[PDB]
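For reference, the structure discussed in these notes is given below.
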Amino acid sequence: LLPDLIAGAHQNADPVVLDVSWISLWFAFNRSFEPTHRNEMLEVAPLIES
Amino acid sequence: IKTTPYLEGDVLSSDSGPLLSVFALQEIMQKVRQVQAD
Amino acid sequence: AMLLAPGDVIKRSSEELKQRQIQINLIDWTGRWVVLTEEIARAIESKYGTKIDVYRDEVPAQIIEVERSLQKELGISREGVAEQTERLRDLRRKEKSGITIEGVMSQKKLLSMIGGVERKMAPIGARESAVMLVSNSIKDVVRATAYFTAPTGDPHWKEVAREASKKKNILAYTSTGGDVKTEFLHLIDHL
Amino acid sequence: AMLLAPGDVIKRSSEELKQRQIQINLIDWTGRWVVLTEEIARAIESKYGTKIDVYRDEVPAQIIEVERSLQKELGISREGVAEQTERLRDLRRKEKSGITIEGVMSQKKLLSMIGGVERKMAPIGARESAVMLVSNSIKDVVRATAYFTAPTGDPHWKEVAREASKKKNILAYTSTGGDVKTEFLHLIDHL
């Protein structure tokens with residue numbers, strides 16, 4: 001990915017870009033993330049994968 | 001466990017809001033919709 | 001640095017806002033004394049920043065008679081004292097040819113009577129505060145960079161709060177305890 | 001440096017002990033004048049260490065009127081004199097609209113009237129005396145390092161003397177002639 005990004009011409013992979021604001025960086029630096037709940041479908045991943 | 005209060009216009013609130021699994025899909029779909037907006 | 005606040009807060013703190021030179025934009029919703037001569041009034045206005053009127057033979061009024069002590073304190077020239085006492089003699093003759101005069105002669109009496117408090121001894125900056133305008137209008141909601149909220153309410157404050165929270169990058173401050181005016185003044189000082 | 005003494009001795013010398021800043025622990029066995037303004041009282045208290053009250057329109061009382069001579073002696077500013085004479089004018093008007101005032105104007109009159117004696121001109125040490133406490137309690141007999149005796153008696157002094165003489169290393173002083181208070185003061189000075 002990184003050499004592809006440096007080159008500029010994407011190949012076999014395409015990232016997606018999300019857009020944020022200036023104050024969001026400061027507010028993210030102060031707010032943590034606490035995993036209160038796990039994903040409900042985490043138990044049944046192999047079946048849907050297959 | 002509850003989040004620290006955040007300001008809703010002029011009133012404080014602490015509701016968790018939508019699940020992170022649901023918020024992500026909406027953002028990705030909105031970006032894609034912006035791709036074929038033209 | 002433009003701030004939005006409830007109208008009652010600015011209504012209650014208009015005096016402090018004027019003293020700190022921030023211009024006020026607000027939308028509503030529903031005897032003095034005079035100096036004998038213009039020179040003394042000009043000198044006292046220069047010293048304390050207090051506007052003073054001049055006696056012009058209008059009506060029976062109350063006259064302030066600056067005394068030798070304040071004459072020396074204010075650095076008044078000899079000609080000023082001479083013209084003051086000449087006007088005093090004229091008043092004596094006028095009231096003898098048949099108005100109250102007070103000979104204030106302490107600094108504290110003059111301060112507690114009328115005028116603004118004396119100046120503190122700190123270095124003088126280019127500007128007192130970093131903020132220019134605090135307003136309560138929806139016409140300049142895009143003008144603002146931050147806003148302040150309080151449990152007090154205005155008939156137009158809810159719509160303004162909604163229209164200001166929609167800004168992508170805006171600073172938000174809220175007061176929950178203590179005195180609203182003190183918190184607002186501290187914020188306007190530190191902002 | 002803690003001393004034990006008969007209760008009557010400390011009772012008679014409490015004034016000197018307070019003046020020399022030794023704290024007193026004792027067990028028993030069975031119109032003033034005011035200054036026109038707070039600034040003059042504060043200045044005189046700073047100069048002489050004498051607490052002075054302030055006149056507050058209470059009752060017909062006796063007023064001290066500091067005069068130009070003491071105004072110059074105490075280094076009082078012009079504003080202090082101005083406010084003093086303003087309050088004087090207010091008192092004149094009050095008693096004319098139908099209290100005794102004294103214009104003390106010599107230093108010795110003020111000293112002999114009220115207040116503490118002026119200060120001597122010696123270098124100021126860190127502490128006036130090397131002793132901290134003189135007491136008459138059995139509760140702190142182990143606290144003491146020395147004790148003083150006199151022919152005078154207390155109902156509890158015999159037991160305290162017995163309990164203090166039992167100390168292995170304690171300094172003992174006794175007075176037999178002259179004045180008890182003078183001997184005690186000389187001891188407390190030289191100890």
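Going by the structure tokens order, chains are called A, B, ..., each with residues numbered from 1, while ligands are numbered from 1 in the order shown.
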
*asked:* If DSSP is run on the backbone, what residues of segment 12-184 of chain D are strand (DSSP E or B)? A reply as a PyMOL selection string would be ideal.
replied: chain D and resi 23-25+34-35+53-54+62-64+100-102+133-135+146-149+171-174

Dump as a PDB file, in the first residue's frame, selection limited to C-alpha atoms:
```
ATOM      1  CA  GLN D  23       3.066  32.676  76.625  1.00  0.00           C
ATOM      2  CA  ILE D  24       1.188  32.275  79.917  1.00  0.00           C
ATOM      3  CA  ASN D  25      -0.406  29.041  81.155  1.00  0.00           C
ATOM      4  CA  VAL D  34     -11.574  56.266  68.805  1.00  0.00           C
ATOM      5  CA  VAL D  35      -9.920  57.781  65.730  1.00  0.00           C
ATOM      6  CA  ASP D  53     -10.729  51.536  67.537  1.00  0.00           C
ATOM      7  CA  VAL D  54     -12.593  53.483  64.845  1.00  0.00           C
ATOM      8  CA  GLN D  62     -14.827  60.856  73.269  1.00  0.00           C
ATOM      9  CA  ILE D  63     -12.940  61.511  70.034  1.00  0.00           C
ATOM     10  CA  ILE D  64      -9.195  61.915  69.531  1.00  0.00           C
ATOM     11  CA  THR D 100     -16.466  65.332  72.917  1.00  0.00           C
ATOM     12  CA  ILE D 101     -13.391  65.884  70.741  1.00  0.00           C
ATOM     13  CA  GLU D 102      -9.867  66.475  72.046  1.00  0.00           C
ATOM     14  CA  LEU D 133       6.622  28.954  78.395  1.00  0.00           C
ATOM     15  CA  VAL D 134       6.147  29.598  82.085  1.00  0.00           C
ATOM     16  CA  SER D 135       3.353  27.517  83.588  1.00  0.00           C
ATOM     17  CA  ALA D 146      13.829  24.703  85.565  1.00  0.00           C
ATOM     18  CA  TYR D 147      11.635  26.120  88.310  1.00  0.00           C
ATOM     19  CA  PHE D 148      11.479  29.177  90.557  1.00  0.00           C
ATOM     20  CA  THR D 149      10.352  29.356  94.183  1.00  0.00           C
ATOM     21  CA  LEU D 171      17.911  23.986  87.550  1.00  0.00           C
ATOM     22  CA  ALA D 172      16.572  25.362  90.839  1.00  0.00           C
ATOM     23  CA  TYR D 173      16.413  29.044  91.788  1.00  0.00           C
ATOM     24  CA  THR D 174      15.040  30.570  94.987  1.00  0.00           C
TER      25      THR D 174
END
```

Can you list every residue of chain B that has an atom at most 10 Å from chain C, with its nearest atom pair and the distance in Å to one decimal, using only C-alpha atoms, ordered by chain then number, as CSV?
```
residue,atom,partner,partner_atom,distance
B:6,CA,C:172,CA,10.0
B:7,CA,C:172,CA,7.8
B:8,CA,C:165,CA,7.5
B:9,CA,C:165,CA,5.1
B:10,CA,C:161,CA,5.9
B:11,CA,C:149,CA,8.6
B:12,CA,C:174,CA,8.9
```

Please write the residues from the selection above to a file, keeping C-alpha atoms, as a PDB file, in the first residue's frame.
```pdb
ATOM      1  CA  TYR B   6     -21.581  16.443  25.409  1.00  0.00           C
ATOM      2  CA  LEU B   7     -23.425  19.614  24.458  1.00  0.00           C
ATOM      3  CA  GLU B   8     -26.540  19.362  22.265  1.00  0.00           C
ATOM      4  CA  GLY B   9     -26.961  22.940  21.081  1.00  0.00           C
ATOM      5  CA  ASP B  10     -27.615  24.318  24.558  1.00  0.00           C
ATOM      6  CA  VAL B  11     -28.328  21.244  26.738  1.00  0.00           C
ATOM      7  CA  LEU B  12     -25.995  18.527  27.992  1.00  0.00           C
TER       8      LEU B  12
END
```

*List the neighbours of residue 88 of chain C out to 12 Å using only C-alpha atoms; skip same-chain residues closer than 2 positions along the sequence, and give me the result as an MDAnalysis selection string.*
chainID C and resid 35:37 55 63:67 81:86 90:95 100:103

_If I take atom CA of residue 24 of chain A and atom CA of residue 169 of chain C, how far is one from the other in Å, to one decimal?_
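These two atoms are separated by 8.4 Å.
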
Both chains have the same sequence, so match all Cα atoms in order, fit chain D onto chain C by least squares, and return it as a short mmCIF file (atom, residue, chain, number, x, y, z; two decimals) with C-alpha atoms, in the first residue's frame.
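What ended up in selection-v3.cif:
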```
data_model
loop_
_atom_site.label_atom_id
_atom_site.label_comp_id
_atom_site.auth_asym_id
_atom_site.auth_seq_id
_atom_site.Cartn_x
_atom_site.Cartn_y
_atom_site.Cartn_z
CA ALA D 1 -12.93 36.24 18.68
CA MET D 2 -16.73 36.67 18.55
CA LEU D 3 -19.01 35.22 21.22
CA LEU D 4 -22.73 34.46 21.52
CA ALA D 5 -24.42 34.69 24.92
CA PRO D 6 -27.93 34.88 26.38
CA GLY D 7 -29.42 38.36 26.30
CA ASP D 8 -29.96 38.64 30.05
CA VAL D 9 -26.26 37.98 30.69
CA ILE D 10 -25.15 40.85 28.46
CA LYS D 11 -27.95 42.97 29.92
CA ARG D 12 -26.60 42.38 33.43
CA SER D 13 -22.93 42.81 32.43
CA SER D 14 -23.27 45.76 30.02
CA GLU D 15 -21.42 48.03 32.46
CA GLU D 16 -18.39 45.73 32.68
CA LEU D 17 -18.47 45.12 28.92
CA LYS D 18 -18.42 48.87 28.26
CA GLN D 19 -15.63 49.32 30.81
CA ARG D 20 -13.57 46.66 28.99
CA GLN D 21 -14.33 48.16 25.54
CA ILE D 22 -16.17 45.25 23.91
CA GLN D 23 -18.93 46.57 21.65
CA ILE D 24 -22.47 45.41 22.47
CA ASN D 25 -25.04 44.25 19.90
CA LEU D 26 -28.30 43.34 21.64
CA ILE D 27 -31.94 42.96 20.59
CA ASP D 28 -34.69 43.59 23.14
CA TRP D 29 -37.95 41.66 23.37
CA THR D 30 -40.08 43.50 25.99
CA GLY D 31 -29.33 65.22 39.38
CA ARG D 32 -25.73 65.71 38.29
CA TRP D 33 -23.11 68.26 39.32
CA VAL D 34 -21.07 70.73 37.27
CA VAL D 35 -17.63 72.34 37.51
CA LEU D 36 -17.08 76.10 37.70
CA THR D 37 -14.79 76.30 34.65
CA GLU D 38 -14.07 74.08 31.67
CA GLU D 39 -10.34 73.75 32.42
CA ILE D 40 -10.84 71.86 35.70
CA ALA D 41 -13.42 69.58 34.08
CA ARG D 42 -11.03 68.87 31.20
CA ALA D 43 -8.19 68.11 33.63
CA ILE D 44 -10.31 65.75 35.73
CA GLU D 45 -11.64 64.03 32.60
CA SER D 46 -8.08 63.53 31.36
CA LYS D 47 -7.00 62.18 34.75
CA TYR D 48 -9.91 59.81 35.39
CA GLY D 49 -11.70 59.40 32.05
CA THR D 50 -14.94 60.78 33.53
CA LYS D 51 -17.07 63.19 31.53
CA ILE D 52 -18.02 66.31 33.50
CA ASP D 53 -20.50 69.06 32.62
CA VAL D 54 -19.92 72.81 32.93
CA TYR D 55 -22.04 75.28 34.90
CA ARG D 56 -23.77 77.77 32.58
CA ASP D 57 -26.18 79.78 34.77
CA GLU D 58 -29.01 77.36 34.01
CA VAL D 59 -31.09 76.78 37.17
CA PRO D 60 -30.63 76.39 40.95
CA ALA D 61 -28.25 73.43 40.87
CA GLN D 62 -25.48 71.74 42.85
CA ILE D 63 -21.92 72.96 42.29
CA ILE D 64 -18.67 71.11 42.94
CA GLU D 65 -15.96 73.34 44.42
CA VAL D 66 -12.53 71.78 43.95
CA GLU D 67 -10.37 72.76 46.91
CA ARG D 68 -6.69 73.69 47.33
CA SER D 69 -5.85 70.09 48.27
CA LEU D 70 -7.22 68.63 45.03
CA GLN D 71 -5.89 71.69 43.20
CA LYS D 72 -2.38 70.62 44.21
CA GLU D 73 -3.17 66.92 43.73
CA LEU D 74 -4.31 67.39 40.12
CA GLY D 75 -1.35 69.62 39.22
CA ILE D 76 -3.58 72.58 38.38
CA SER D 77 -1.80 75.75 37.31
CA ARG D 78 -2.07 79.10 39.06
CA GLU D 79 -4.35 80.53 36.36
CA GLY D 80 -6.82 77.69 36.86
CA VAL D 81 -7.06 78.43 40.58
CA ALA D 82 -7.40 82.15 39.84
CA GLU D 83 -10.26 81.64 37.39
CA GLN D 84 -11.94 79.14 39.73
CA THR D 85 -11.97 81.63 42.58
CA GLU D 86 -13.05 84.42 40.21
CA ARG D 87 -16.09 82.34 39.24
CA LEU D 88 -16.59 81.66 42.95
CA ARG D 89 -16.66 85.41 43.65
CA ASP D 90 -19.14 85.85 40.81
CA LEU D 91 -21.38 83.20 42.40
CA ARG D 92 -21.07 84.92 45.79
CA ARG D 93 -22.22 88.20 44.26
CA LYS D 94 -25.03 86.50 42.32
CA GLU D 95 -26.51 84.79 45.37
CA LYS D 96 -25.97 87.87 47.56
CA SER D 97 -27.98 89.96 45.07
CA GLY D 98 -31.20 88.24 46.09
CA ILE D 99 -27.83 76.99 44.11
CA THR D 100 -25.71 74.86 46.46
CA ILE D 101 -21.91 74.60 46.43
CA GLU D 102 -19.90 71.78 48.00
CA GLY D 103 -16.24 72.20 48.87
CA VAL D 104 -15.05 68.64 48.30
CA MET D 105 -11.46 68.41 49.49
CA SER D 106 -10.62 64.69 49.81
CA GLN D 107 -9.88 62.31 46.94
CA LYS D 108 -12.11 59.55 48.32
CA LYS D 109 -15.09 61.90 48.64
CA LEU D 110 -14.81 62.75 44.94
CA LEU D 111 -14.49 59.09 43.95
CA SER D 112 -17.41 57.90 46.09
CA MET D 113 -19.50 60.85 44.87
CA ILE D 114 -19.16 60.70 41.06
CA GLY D 115 -16.68 59.41 38.50
CA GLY D 116 -14.70 56.33 37.61
CA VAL D 117 -12.23 54.48 39.80
CA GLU D 118 -8.57 55.50 39.53
CA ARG D 119 -6.07 53.65 37.30
CA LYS D 120 -3.99 50.58 38.37
CA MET D 121 -0.17 50.58 37.92
CA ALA D 122 0.46 47.86 35.31
CA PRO D 123 2.05 48.05 31.84
CA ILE D 124 -0.51 49.16 29.27
CA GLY D 125 -1.14 46.67 26.48
CA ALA D 126 -2.30 47.49 22.98
CA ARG D 127 -5.79 46.19 23.77
CA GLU D 128 -7.65 45.30 26.96
CA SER D 129 -9.32 42.15 25.59
CA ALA D 130 -8.82 39.85 22.61
CA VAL D 131 -12.55 39.78 21.78
CA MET D 132 -14.26 42.44 19.68
CA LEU D 133 -17.97 41.62 19.59
CA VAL D 134 -20.49 39.76 21.70
CA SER D 135 -23.93 39.65 20.11
CA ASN D 136 -27.36 38.02 20.39
CA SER D 137 -28.51 38.19 16.76
CA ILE D 138 -29.22 35.45 14.24
CA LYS D 139 -28.17 37.94 11.54
CA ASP D 140 -24.50 37.39 12.47
CA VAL D 141 -24.50 33.74 13.55
CA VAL D 142 -21.87 33.03 10.88
CA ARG D 143 -19.88 35.94 12.35
CA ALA D 144 -19.31 34.10 15.63
CA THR D 145 -16.40 31.79 16.48
CA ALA D 146 -17.62 30.61 19.90
CA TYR D 147 -20.74 30.77 22.05
CA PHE D 148 -21.69 30.66 25.73
CA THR D 149 -24.75 29.06 27.30
CA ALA D 150 -26.55 29.36 30.63
CA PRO D 151 -29.67 27.87 32.25
CA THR D 152 -31.32 31.26 31.75
CA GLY D 153 -33.46 31.54 28.64
CA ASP D 154 -34.42 33.95 25.87
CA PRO D 155 -37.33 33.63 23.38
CA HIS D 156 -34.78 33.56 20.52
CA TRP D 157 -31.92 31.71 22.24
CA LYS D 158 -33.00 28.16 21.32
CA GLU D 159 -32.99 28.86 17.58
CA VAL D 160 -29.64 30.66 17.83
CA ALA D 161 -28.17 27.73 19.77
CA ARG D 162 -29.38 25.29 17.12
CA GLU D 163 -27.99 27.44 14.30
CA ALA D 164 -24.64 27.84 16.10
CA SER D 165 -24.16 24.18 17.06
CA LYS D 166 -24.33 23.31 13.35
CA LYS D 167 -20.93 24.94 12.82
CA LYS D 168 -18.21 22.41 12.04
CA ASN D 169 -15.51 24.07 14.19
CA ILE D 170 -16.87 26.21 17.03
CA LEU D 171 -15.85 26.45 20.68
CA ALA D 172 -18.65 25.70 23.15
CA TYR D 173 -18.69 26.71 26.82
CA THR D 174 -21.43 26.10 29.38
CA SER D 175 -21.87 27.30 32.96
CA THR D 176 -23.55 25.03 35.51
CA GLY D 177 -22.77 26.44 38.97
CA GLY D 178 -21.69 29.57 40.78
CA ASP D 179 -22.52 32.98 39.34
CA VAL D 180 -23.22 33.28 35.62
CA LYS D 181 -21.80 36.79 35.32
CA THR D 182 -18.54 35.92 37.10
CA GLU D 183 -18.01 32.89 34.87
CA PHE D 184 -18.75 34.96 31.76
CA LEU D 185 -16.29 37.66 32.83
CA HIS D 186 -13.59 35.09 33.58
CA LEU D 187 -14.15 33.49 30.17
CA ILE D 188 -14.01 36.84 28.37
CA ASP D 189 -10.79 37.61 30.26
CA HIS D 190 -9.08 34.31 29.43
CA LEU D 191 -10.40 33.96 25.86
#
```

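With only C-alpha atoms as the atoms that count, the residue of B:28, B:36, B:5, B:15 with the shortest distance to chain A is B:28.
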
*Rounded to one decimal place, report the atom CA of residue 45 of chain A-atom CA of residue 23 of chain B distance in Å.*
20.2 Å

*With a distance threshold of 9 Å and counting only C-alpha atoms, extract the residues of chain B near chain A and express them as a ChimeraX atom specification.*
/B:1,4,21,27-28,31

Report the closest atom pair, with its distance in Å rounded to one decimal, for each residue of chain A that has an atom no farther than 7 Å from chain C; count only C-alpha atoms, sort by chain and then rising residue number, and write it as a Markdown table.
```
| residue | atom | partner | partner_atom | distance |
| --- | --- | --- | --- | --- |
| A:21 | CA | C:169 | CA | 6.9 |
| A:22 | CA | C:169 | CA | 7.0 |
| A:23 | CA | C:169 | CA | 6.1 |
```

*Could you state the separation of atom CA of residue 35 of chain A and atom CA of residue 3 of chain B in Å, given to one decimal place?*
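One can read the atom CA of residue 35 of chain A to atom CA of residue 3 of chain B distance as 11.9 Å.
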